[PDB]
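J.: model the following, please.
(one chain, ligands or ions: 3)
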Amino acid sequence: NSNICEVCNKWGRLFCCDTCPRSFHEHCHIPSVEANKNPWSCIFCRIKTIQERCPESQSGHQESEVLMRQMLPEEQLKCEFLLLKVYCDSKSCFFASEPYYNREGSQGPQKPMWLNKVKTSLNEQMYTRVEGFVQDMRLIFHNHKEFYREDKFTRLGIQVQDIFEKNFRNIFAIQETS
Ligand SMILES: [Zn+2]
Ligand SMILES: [Zn+2]
Ligand SMILES: [Zn+2]
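T.: Numbering: from 1, shown residues only. Ligands and ions are numbered 1, 2, ... in the order given. Sharing the structure here:
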């Protein structure tokens, strides 16, 4: 196994996947690494299994259909993985914890949002459809763009949104377009 966490790239108390060489901090993995379970398979492995069991799950889909899907176990897993892929980028630090807004010439968002809140929401089964999760993810970046206006820091929102959107299209097998 790797000697660093796959998500944050640090050493520490790591839990090792039994079916691949990745390792994780307990609360870096999503869901948090399970108490018992020998062998244990990480989220990467669990997502690969879904694909292998249903190869046709990789044919192209329309985003509108994906969003309306109910959060059954497989869609719950896919959203957990997509959230984890965002955390894997170091620029996610900016969006992880609860933000506050006090900048001359701007007003804070009406509905603040952040990664750890989405994380808790998934853990608590608060989303009934994929759309719920995706709307909250996109709101994080949209809030950021609006608040920071012409400051160059706005680009951090663009950057992390692009990681989200690429991973969304991959994980949910969105039909490729120009
Ligand atoms: Zn970690
Ligand atoms: Zn694994
Ligand atoms: Zn099948």
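J.: tell me which element the spatially most central residue of the chain is part of?
T.: Taking CA atoms, centre = their mean, the centroid of the chain lies closest to residue 83, which sits 1.0 Å from it. Under the criterion of DSSP states H and E, residue 83 resides in helix 73-87.
J.: returning to what we had before: does the residue nearest to the centre of the chain touch residue 114 like I think?
T.: No - counting by CB atoms under 8 Å, residue 83 stays clear of residue 114, with 11.7 Å between them. (C-beta placed from N, C-alpha, C; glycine too.)
J.: excluding covalently adjacent residues, which one is nearest to residue 143?
T.: The shortest distance from residue 143 to any non-neighbouring residue, by CB to CB, 6 or more residues apart in numbering, is to residue 109 (4.0 Å).
J.: since we're on that neighbour, how many residues are nearby?
T.: Taking other CB atoms under 10 Å as the criterion, the count of residues near residue 109 is 16.
J.: show me the contacts for it.
T.: Contacts for residue 109 (CB atoms under 8 Å, 6 or more residues apart in numbering) come out as 101, 143, 146, 147.
J.: just to be sure, it is in a strand?
T.: No - looking at residue 109 with DSSP: H, G, I helix; E, B strand; the rest coil, it is coil, so not inside a strand.
J.: what about the helices in the protein?
T.: 43-53, 63-67, 73-87, 93-96, 115-123, 130-148, 154-171 (DSSP state H).
J.: and the contacts of the fifth one?
T.: In this structure, residues lying in contact with helix 115-123 by CB under 8 Å, 6+ apart are 30-31, 76, 79-80, 83, 86-87, 92, 95-98, 127, 133, 136-137, 140.
J.: tell me the domain boundaries of this protein?
T.: Structural domains assigned to the chain are 1-59, 60-178, following curated CATH domains.
J.: check the offset of stretch 90-102 from the chain's centre.
T.: For stretch 90-102, the gap between its own C-alpha mean and the chain's C-alpha mean amounts to 15 Å (CA atoms, centre = their mean, to the nearest Å).
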